[PDB]
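**Q** test case, fold it:
(chains A, B, C, D and E)
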Amino acid sequence: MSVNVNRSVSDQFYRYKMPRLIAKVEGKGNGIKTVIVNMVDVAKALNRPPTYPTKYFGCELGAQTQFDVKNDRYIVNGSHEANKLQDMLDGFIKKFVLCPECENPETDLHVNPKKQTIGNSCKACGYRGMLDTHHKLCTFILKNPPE
Amino acid sequence: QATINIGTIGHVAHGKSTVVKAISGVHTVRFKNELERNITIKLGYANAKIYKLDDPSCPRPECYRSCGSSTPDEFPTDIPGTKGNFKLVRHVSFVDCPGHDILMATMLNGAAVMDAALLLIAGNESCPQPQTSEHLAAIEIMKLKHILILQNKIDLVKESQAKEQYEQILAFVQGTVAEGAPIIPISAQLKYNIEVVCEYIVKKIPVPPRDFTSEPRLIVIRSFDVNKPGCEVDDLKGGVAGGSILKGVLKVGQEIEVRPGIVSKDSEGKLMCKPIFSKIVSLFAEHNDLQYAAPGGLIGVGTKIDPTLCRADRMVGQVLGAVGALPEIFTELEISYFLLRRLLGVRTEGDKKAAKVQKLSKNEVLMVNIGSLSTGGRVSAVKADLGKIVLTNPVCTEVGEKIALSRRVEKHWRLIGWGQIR
Amino acid sequence: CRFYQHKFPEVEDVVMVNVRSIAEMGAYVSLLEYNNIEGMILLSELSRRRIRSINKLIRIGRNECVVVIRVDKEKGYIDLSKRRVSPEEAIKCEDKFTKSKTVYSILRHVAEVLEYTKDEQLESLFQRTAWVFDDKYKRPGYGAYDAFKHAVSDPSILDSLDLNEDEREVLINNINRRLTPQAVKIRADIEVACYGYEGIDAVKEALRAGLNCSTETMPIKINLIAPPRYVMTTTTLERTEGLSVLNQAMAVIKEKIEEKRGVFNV
RNA sequence: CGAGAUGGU
RNA sequence: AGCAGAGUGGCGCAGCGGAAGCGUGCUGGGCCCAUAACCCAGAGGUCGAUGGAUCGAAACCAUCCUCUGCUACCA
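**A** Numbers count the residues shown, from 1 in each chain, chains lettered A, B, ... in the order given. The structure is reproduced below:
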C-alpha cells in the first residue's frame, strides 16, 4: 500500500504522496508501548527531523514519547493501535502546513531560536506568516531548531 | 552515408519510443541509471533503412511477415510477399527532435539539421494543439518547406474526435503556415498502418541541392561515444563529433575547425576569442568506418580532443569548416525583428494570455538563435522593432539572413518572434 | 606452558585472564600468559558504584583484563582487580596477548620434531633463540614477534644461533601468509582536463614521464573516478616512504601539460 | 537518607 | 567502473583472527495478593563458488559471483 500525504483531499492526482506508517504494540498492561517502525523514512519523505512528527502525537494524545540513538526506536507510550492514530494521521499537515487560501501543503519553516519566533512560508500561492501561539508544538521547535 | 535526413518533431505527452522504432528498427534513448519517461526530452537520433518488395509494403529484416511485438495479447501480421528479395529505396536517418518547449533553441537547431519534418500528433490533450504553428512557422522562416504529419496515440480515440483534432488544427494554421502537409494515421500500440509512413517519406520529400566541390561546411550537435576502459587513461580514442555536412567533400587527415571556438583565459572580455582546429582522425556512418565523406548526410567525425568535452553534449549547435575559413564570427549583433501575432506554447477551452507580445526593454537577457546555433543576448540599445546586443558566447553564419528570438516572458524563455542581421 | 621470561607476574600491571568460578568473597581465575596458575578477584574490586547483578560484570569461560594488586612468591598467591583498568590499558593488554599467541602458535608447532615426548622440549625451544630475541628489549616494550619480522626481511637473525628448519619456515610463514597483501596505500587526486588539440600524440609523455632512470619494463597503475578527476598510484610504495613520489608525480602530471601551452591552478 | 508506580468480583 | 557492506543460529543491528557477539525482539520461569519495573533460562545449525597457513574459518589471505550504499561510468 501507499497513500496521499493528507486524506482531507480525495483526488487521485494530488501533488503529495508517501509510504504507509506502521507501528508495533509491545509489552503488557500498566507498561505498554507503541513503537513507530517507518518513522525515519516518513520524516525523510516529509522533509522534517523525526522528533517533530513523533512529538506531535504525544501533544494531541496526552502521552509520553521516547527517542534513542542506541537502538533507533521512536516510541509513543501506551497502546495506540488502528484508529487511535489512523483517524488523525493527517494532523501533522492538517494543523500546521495547509495554506488557508488553498489546500496545497508545499510549505517550509525557518526558526529564530534567539528571538522566540517560527517563520512559515507556502510555495503554492505565496502565503507567509508564523505558527500559532495557542498550538502545542511551538515550545518544542524553538528548543530543537532544524538541520 | 545518406541522401536525406528527417526530423521527428512533436509536443509533451505524445510518446516517442513505439513510433521511432516503427519507422527505423532503432530505440531512441539517452543513458541514465533511471526509468525511461514518456518522451526523449532533448535532441537525439535513430539510424535507419527504407526498402520494399516488388509490391507496396515495408517488411521486417526477414521479409515474409510484418508480425508485431508492441502489445502482449496479440500478433498483428500481414504478408508483404512470398519471402521476396528486398530492394532499398534510398539511404535515410532520423533526427529525434526535443519533446518539450523548454528546449526550443535545440528544437530550432534540430529543425535546421533535418532536410524534412515528421510532425507527431496524439489524443492526450484538447483538439487545437499549438505546436502545429510553433514548429512550422519557424521552419518556413528557415526556408525548409518539406513537411509530413503523423497521428500516433489514437488507439482508443473515435473518428469524430480524430476529425475534430485535425479540423481545429486546419482552422488554426491560417495565419502561420500552408495547409499542404499530408496526414498519416497509425496505431501506437498495434503498429497498424505504420508502413504508410514509410511510403509517404518516399512520396513527399525531395533530395535537396548541395555543392560537392566548394569549401567544407559541417553542423555538429552531438558528443559521440568514447568509453572508460583502457591501459592508458587519457586520450585513448579522442573526442568524436556527431553532425551533418552542408558543403564540400571531406577526408581523413584533413584539418577541420569550429568557428565560435572559445574565449581565451586572462582576456578582460569578448576580445581574444578564437576558432579551434585539428586533423580528422576517423569517420563513422551506417554502422561502418570510412576514409571519405560527402554533403547531405548525418556522420560521426573523429578528432584529437579530450573526452571530458564528450561525457555530455557540450557540442550542441556548432558550425565547422576548413581551417582558416572566411565566414564571419559574431560576439555582438546588429538586429531588426518582428513578433508573433499571439502568445504561444499551450492551449485549452478559452484564452490564457494569448494576446500580442509586449515590447522589449534593455534591462533583460534574450535567448537568440542563428543558423543552427544558440546564444544568450544582452542589450546595448533597443526599440520595439530594432536593436544592438552583446552575446555570452560567439555565433557564426555564411549569410546574416535570419535570427530567432526568445524572451523571459515567464520563468523560462519562450519564442516570441524572428528577425535579421542589419 | 609460560609465554614469558619470568615464573610469576609483577605488581601493579595488567594481565589477560579467564574466569573459572564465583564464591562468597570473590571469583577464581586462571592467568593465560602464565601456565594456567590460580588467582582471585574480590567482589569489592569489580566496580566504583552499586552492582545490579554480578552475572553481567563476570561470567564463567569469558576472557578478561585485570591488574595484579598483590603477590606472595613462596606460597604462590596472586590478588586481582578490575576497578583499576582504563580502556587504553585493555587495548594494550589485547596487543601483548595477540603478539604472544602468534609467537606461541609458531613454537608449539615447531616443537613437533625429534621425540617431542614432554613439555621439556617446549621449555628448551622457548629458551635460547626466542628468549634472547626479546629479553634484551623488555624495557623498550618489544616482543620476539619483532625479531621474527627482522628474520623475515633478513635471516641473519636466525644464522646468529643454533637453528631448526621448521623454526625457520613456520616463523616466516606465520608473518608472510598475513603480510603478503602489502597493498597500495597512496594515490594522487588531479583536477586536469586538457586544452591540447594534438592530445592523442602529446599526452603520451604525461602518462609516462612520472619517474626517471627506470627499467623499460617498469609499470605504474593509473585510475579514474570520472573524466575531470584523474588518479595515479605512486609505484606501489607504502605510506611511510611514498610521500616524495606523491609530490613529484602530481608536479610532473601538471608540468607535462603546462610545458605544452596548458595553464592550471598550482 | 540507592530505586519503591498502580487496584473487576 | 572507484571505494564499502551483505551471503544468520532465532525478527532486526552486523562483532574481533576462538565454534553467537552485545544492546534489542520473541517464548517460558522467579519475585507480588496481582499487573508493570527488576532478576534468570531457552531457540535441531560447515554463513554463494575454487585454492592456502591454522588447534580454527561467516569472521587470517588469494580468485571468481551478485545486489545494494556513496561517488558516478564499459550501457
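
**Q** helices of chain A, residue ranges please.
**A** A:39-45, A:51-61, A:83-86, A:91-94, A:138-141 (DSSP state H).

**Q** now do the last one: which elements does it pack against?
**A** Taking 3 or more Cβ pairs under 8 Å, 6 or more residues apart in numbering or on different chains; DSSP states H and E as contact, the helices and strands that helix A:138-141 lies on are helix A:51-61. Bear in mind the C-beta positions are built from the backbone N, C-alpha and C, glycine included.

**Q** repeat that for 6 Å
**A** Contact partners of helix A:138-141 among helices and strands, from 3 or more Cβ pairs under 6 Å, 6 or more residues apart in numbering or on different chains; DSSP states H and E: none.

**Q** what lies in contact with it?
**A** Contact with helix A:138-141 is made by A:55, A:118, A:131, as judged by Cβ atoms under 6 Å, 6 or more residues apart in numbering or on different chains.

**Q** hmm, try it at 8 Å
**A** Outside of helix A:138-141, the residues within contact range by Cβ atoms under 8 Å, 6 or more residues apart in numbering or on different chains are A:51, A:52, A:55, A:59, A:109, A:111, A:118, A:131, A:132.

**Q** same check on the first one?
**A** Residues outside helix A:39-45 that contact it (Cβ under 8 Å, 6+ apart): A:18, A:19, A:21, A:49, A:50, A:52, A:53, A:54, A:72, A:74.

**Q** can you tell me which of those are buried?
**A** A:18, A:21, A:50, A:52, A:53, A:54, A:74 (16 or more other Cβ atoms under 10 Å in any protein chain shown).

**Q** contacts only, for whatever residue of the stretch 251-400 of chain B ends up closest to RNA strand E.
**A** Relative to RNA strand E, the nearest point of the stretch 251-400 of chain B is residue B:311 (4.8 Å; Cβ to the nearest atom of the strand). Going by Cβ under 8 Å, 6+ apart, residue B:311 touches B:223, C:226, C:227.

**Q** which among these end up buried?
**A** Those of those that meet the buried threshold are B:223, C:227, by 16+ other Cβ under 10 Å.

**Q** out of the contacts of residue B:311, which are inside strands?
**A** When these are checked against strands (DSSP state E), the matches are B:223, C:226.

**Q** the contacts of residue B:311: which ones sit near RNA strand E?
**A** With Cβ under 7 Å from any atom of the strand as the criterion, those include C:226, C:227 near RNA strand E.

**Q** tabulate the contacts of residue B:311 (a markdown table), appending distance to residue B:41.
**A** Putting the contacts of residue B:311 into a markdown table (distance: Cβ to Cβ, whole Å) gives the following:
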| residue | distance to residue B:41 |
| --- | --- |
| B:223 | 17 |
| C:226 | 23 |
| C:227 | 24 |
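
**Q** so which of the contacts of residue B:311 comes closest to RNA strand E?
**A** For the contacts of residue B:311, the closest approach to RNA strand E (Cβ to the nearest atom of the strand) belongs to residue C:226, at 3.4 Å.

**Q** what about residue C:56, neighbour count?
**A** Per other Cβ atoms under 10 Å in any protein chain shown, the neighbour tally for residue C:56 reads 8.

**Q** ditto for the one 10 residues further on
**A** As a burial measure, residue C:66 scores 24 neighbours (other Cβ under 10 Å).

**Q** who's in contact with it?
**A** Residues near residue C:66 by Cβ under 8 Å, 6+ apart: C:14, C:15, C:17, C:29, C:41, C:80, C:81, C:82, C:84, C:85.

**Q** so which helix or strand takes in the closest residue in space to it that isn't next to it in sequence?
**A** Nearest non-adjacent residue to residue C:66, counting by Cβ to Cβ, 6 or more residues apart in numbering or on different chains: residue C:80, 4.4 Å away. Applying DSSP states H and E as the criterion places residue C:80 in strand C:77-81.

**Q** that strand pairs with which strands, parallel or anti?
**A** strand C:38-42 (parallel), strand C:63-72 (antiparallel) (DSSP bridges).

**Q** pull out the buried residues from the last one.
**A** By that I understand strand C:63-72. Neighbour-count burial for strand C:63-72 flags C:64, C:65, C:66, C:67, C:68, C:69 (criterion: 16+ other Cβ under 10 Å).

**Q** beta-bridge partners for the first one, please?
**A** Beta-bridge pairing of residue C:64 under DSSP bridges involves residue C:17.

**Q** kindly provide the distance from it to RNA strand E.
**A** Distance from residue C:64 to RNA strand E, counting by Cβ to the nearest atom of the strand, to the nearest Å: 12 Å.

**Q** what's the answer for the last one, then?
**A** Here residue C:69 is placed at a distance of 26 Å from RNA strand E (Cβ to the nearest atom of the strand).

**Q** ok, the fifth one next?
**A** Applying Cβ to the nearest atom of the strand, one obtains 23 Å for the distance of residue C:68 from RNA strand E.

**Q** same question for the third one.
**A** In this structure, residue C:66 and RNA strand E are separated by 18 Å, where distance is defined by Cβ to the nearest atom of the strand.

**Q** ditto for the second one
**A** Plainly put, residue C:65 is 13 Å away from RNA strand E if you go by Cβ to the nearest atom of the strand.

**Q** that residue and residue C:16 touch, don't they?
**A** Yes - under the criterion of Cβ atoms under 8 Å, residue C:65 makes contact with residue C:16 at 6.3 Å.

**Q** now do the shared contacts for these two.
**A** Joint contacts of residue C:65 and residue C:16 (Cβ under 8 Å, 6+ apart) are C:93, C:94.

**Q** quick one: the helices in the stretch 201-350 of chain B?
**A** Counting by DSSP state H, counting those that start in this stretch, one finds no helices in the stretch 201-350 of chain B.

**Q** in the stretch 151-300 of chain B, which spans are strands?
**A** B:183-185, B:217-223, B:240-247, B:250-251, B:255-263, B:273-279, B:282-285, B:288-290, B:292-293, B:298-302 (DSSP state E, counting those that start in this stretch).

**Q** the contacts of helix A:138-141: which two are farthest apart?
**A** A:51 and A:132 (19.5 Å; Cβ to Cβ).

**Q** who has more neighbours, those two?
**A** Set residue A:51 next to residue A:132 and count neighbours by other Cβ under 10 Å: residue A:51 wins out with 17 against 13.

**Q** now do the same contact list for residue 92.
**A** Since you didn't name a chain, this refers to chain A. Listed by Cβ under 8 Å, 6+ apart, the contact partners of residue A:92 are A:46, A:52, A:53, A:56.

**Q** could you do chain B instead?
**A** When contacts are counted by Cβ under 8 Å, 6+ apart, residue B:92 touches B:2, B:3, B:4, B:5, B:6, B:48, B:49, B:50, B:201.

**Q** much appreciated, bye for now.
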